[PDB]
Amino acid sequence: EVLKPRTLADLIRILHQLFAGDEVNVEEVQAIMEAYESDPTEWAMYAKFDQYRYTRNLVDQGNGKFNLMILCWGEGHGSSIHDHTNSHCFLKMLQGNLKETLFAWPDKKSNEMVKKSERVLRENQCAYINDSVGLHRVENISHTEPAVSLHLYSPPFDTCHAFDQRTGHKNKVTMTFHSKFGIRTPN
């Protein structure tokens, strides 16, 4: 019932088709991304880690329709609470496990932020978020092993907001790439 990509390259080919116009079936994308069986022989050339923070490694630009990237989470690495500036956002596990915590949006009043959901993303599992679903923070569950995830954002975006969990106040942050197409980027 689900078209099963046999390689990362197959998955990318299918994604170019599914985002070629107008309407995106979210559950169809999610099922196809999940059906791909993570193969580190296929994506190790994008898995470039850093000691102190997670890295973002661009795989494909989707003919302007989306960004496909691989995020590398060192031991104990996690994100801040953030939004996804009005895009579709798909996140698939390639290695290890991520804990996702969904947060409610703050209002004007300064307040401790409220959790709405907490889960661990299993092996090969594909999760979905957008701004109407909530905010989230994502974290490697392991302090001894890495995590690796495949992210599709549509349309692409280069900025988002990070949120202070104690107050709900936010700051705009520019997203940078650690590498693109397997090639490390400058400082």
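Each residue number is its position in the shown sequence, starting from 1.
**Student:** Highest mean C-alpha temperature factor of the two stretches 87-95 and 107-115, which is it?
**Tutor:** Per the PDB entry, the higher value belongs to 107-115.
**Student:** Averaged over C-alpha atoms, is the B-factor higher for 59-67 or for 145-153 in this PDB entry?
**Tutor:** Stretch with the higher mean C-alpha B-factor: 59-67.
**Student:** What third of the chain, by the recorded C-alpha B-factor, contains residue 48?
**Tutor:** Middle third.
**Student:** Lowest, middle or highest third of the chain for the C-alpha temperature factor of residue 139?
**Tutor:** For residue 139, the deposited C-alpha B-factor lands in the lowest third.
**Student:** Within this chain's modelled residues, let me know which third the CA B factor of residue 160 belongs to: lowest, middle or highest.
**Tutor:** CA B-factor rank for residue 160: highest third.
**Student:** Ranked by Cα temperature factor within the chain, is residue 30 in the lowest third, the middle third or the highest third?
**Tutor:** It belongs to the highest third of the chain when residues are ordered by C-alpha B-factor.
**Student:** Can you tell me which third, lowest, middle or highest, the CA B-factor of residue 131 falls into for its chain?
**Tutor:** Tercile = middle for this residue's CA B-factor.
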